[PDB]
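Trainee: Mind looking over this structure? Questions follow.
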Amino acid sequence: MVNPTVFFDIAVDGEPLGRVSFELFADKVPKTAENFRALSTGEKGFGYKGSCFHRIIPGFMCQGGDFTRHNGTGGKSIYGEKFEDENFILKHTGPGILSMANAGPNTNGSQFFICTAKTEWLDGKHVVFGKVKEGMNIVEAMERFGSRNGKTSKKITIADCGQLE
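According to the authors' numbering, the sequence shown holds residues 1 to 165 in order.
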């Protein structure tokens with residue numbers, strides 16, 4: 001059963017930018033991969049469609065997935081509560097790594113980040129569960145709207161998202 005692929009169609013102040021696709025490592029972190037997959041399809045009745053990337057820091061990361069409060073304070077998983085750190089098998093090895101944001105041990109919800117640099121200090125603290133497969137260039141384009149404190153200079157949104165074959 002092949003690892004799923006999901007896509008985000010990104011816009012900038014409502015104007016299309018491009019598509020980023022991700023391989024989700026369901027073979028290694030199935031519970032975490034499944035959360036992200038089902039939030040991307042919206043099949044549980046909530047998820048990432050229409051949400052923003054609220055914190056973009058060039059040379060570090062692009063963080064999104066707070067579909068309830070749009071600022072880093074919200075989000076929820078498909079599991080009715082925040083869920084555990086599944087494992088730390090995979091490491092933050094460089095740009096394109098897809099990993100869970102959190103606020104302490106075992107507090108995964110919906111927020112995630114895309115690395116734009118190697119972030120090894122996060123190893124063992126944030127669960128890595130995917131990587132960018134296509135459109136790393138689009139992540140780099142997104143990154144340019146960020147700033148040192150993370151505030152974006154244009155609204156960066158997931159205008160559509162879902163699963164590709």
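Built from N, CA and C at the ideal position, the CB exists for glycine as well.
Looking only at C-alpha atoms, which of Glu15, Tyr79, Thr107 sits nearest to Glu34?
Mentor: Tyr79
Trainee: Below 7 Å CB to CB, which residues in the same chain sit around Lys28 once its five sequence neighbours on both sides are set aside?
Mentor: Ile89, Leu90
Trainee: Would you report the Cα separation of residue 170 and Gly50, rounded to the nearest angstrom?
Mentor: Lying outside 1 to 165, the shown extent of the chain, residue 170 is not represented and no answer is given.
Trainee: Which of the three DSSP states, helix, strand or coil, is assigned to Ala159?
Mentor: strand
Trainee: Indicate the three-state DSSP secondary structure (helix, strand or coil) for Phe22 in the structure shown.
Mentor: Three-state DSSP puts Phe22 in a strand.
Trainee: With a Cβ-Cβ cutoff of 7 Å, do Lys155 and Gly109 count as a contact?
Mentor: no
Trainee: Is the beta carbon of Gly124 closer than 7 Å to that of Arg55?
Mentor: no
Trainee: Assign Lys82 to one of three DSSP states: helix, strand, or coil.
Mentor: coil
Trainee: Going by Cα to Cα distance, which pick from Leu98, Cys161, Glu15 is closest to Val127?
Mentor: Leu98
Trainee: What separation, rounded to the nearest whole angstrom, lies between the Cα atoms of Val6 and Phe145?
Mentor: Separation of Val6 and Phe145 (C-alpha to C-alpha, rounded to the nearest whole angstrom) is 23 Å.
Trainee: Helix or strand or just coil, what does DSSP make of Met1?
Mentor: coil
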